[PDB]
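Please note: Cβ atoms are built from the backbone with ideal geometry, for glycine as well, and neighbour counts cover all protein chains shown. Read the figures in this text as sums done on the coordinates, not as results from a lab.
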Amino acid sequence: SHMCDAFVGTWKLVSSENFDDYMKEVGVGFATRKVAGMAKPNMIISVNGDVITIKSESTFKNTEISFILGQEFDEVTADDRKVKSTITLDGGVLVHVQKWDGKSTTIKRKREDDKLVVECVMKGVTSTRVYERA
Ligand SMILES: O=c1[nH]nc(-c2c(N3CCCCC3)nc3ccc(Cl)cc3c2-c2ccccc2)o1
């Protein structure tokens, strides 16, 4: 078994702060921001050996990434950016960096009490999204 153990499960969005502003800073257009911002996704995290899979299921888009910690991969984001992503496990936090067009955003996923707290940062703008077990 593993420490990445505390992330496995089906996590439903329960609260969001500043996500519209984060998306604006990322470069997401009006209509996509509106529709994406409405969604209440489930974030489904599973582990099989060294491979971690994170699925996002929602009324807007269903997305999935599978990766090995520390090993860069291709990701197409829900807003259709083509990004180069690397995910590491640092001090018990999953740290996800996306690079594209000379830009960068960092997404951290942390267990706090019975929640999964996700912090997304694009320059000075941070959004916090809180998820609970489904
Ligand atoms: O699992 C989920 N919850 N939220 C997302 C998520 C996201 N996340 C946040 C959680 C951590 C990984 C990054 N970044 C986005 C960036 C641009 C756009 Cl237009 C949408 C998203 C979305 C997204 C939102 C609503 C419906 C589907 C997807 O992915």
| remark: Toy charge model, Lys and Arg Cβ at +1, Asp and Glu Cβ at -1: the chain dipole around Cα centroid in debye, rounded to 20, equals 300
| query | Under 12 Å from the 7 Å Cα→Cβ point of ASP21, by amide nitrogen: which residues of region 101-134? | reply | 122, 124-128
| request: Give me the distance in nm between label points sitting 7 Å out from Cα along the Cα-to-Cβ direction at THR126 and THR10, one decimal. | output: 3.2
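With the cut-off at 21 Å, report for region 9-130 the share of all Cα pairs above it, as a whole percent. It would help to have the intermediate numbers written out before the result.
On the way: 2566 of 7381 pairs.
Distances greater than 21 Å cover 35 percent of the Cα pairs.
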| message | Given an 8 Å cut-off on Cα distances and at least 6 residues of separation, report the relative contact order of the chain as a percent. | response | 26
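Please compute the length gained on full extension between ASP50 and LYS110, using 0.36 nm multiplied by the number of residues separating them and subtracting their Cα-Cα distance. Don't skip to the end; give the middle numbers.
Details: separation 60, 0.36 × 60 = 21.60 nm, distance 1.93 nm.
So the extension gain works out to 19.7 nm.
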| query | Considering only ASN48, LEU13, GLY29, whose Cα is most displaced toward the positive end of the charge dipole of region 9-130, charges sitting on Cβ of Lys, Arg (+1) and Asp, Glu (-1)? | reply | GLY29
| said: Could you check the spin-label model distance between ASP90 and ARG133? Points 7 Å from the Cα along Cα→Cβ, value in nm. | reply: 2.9
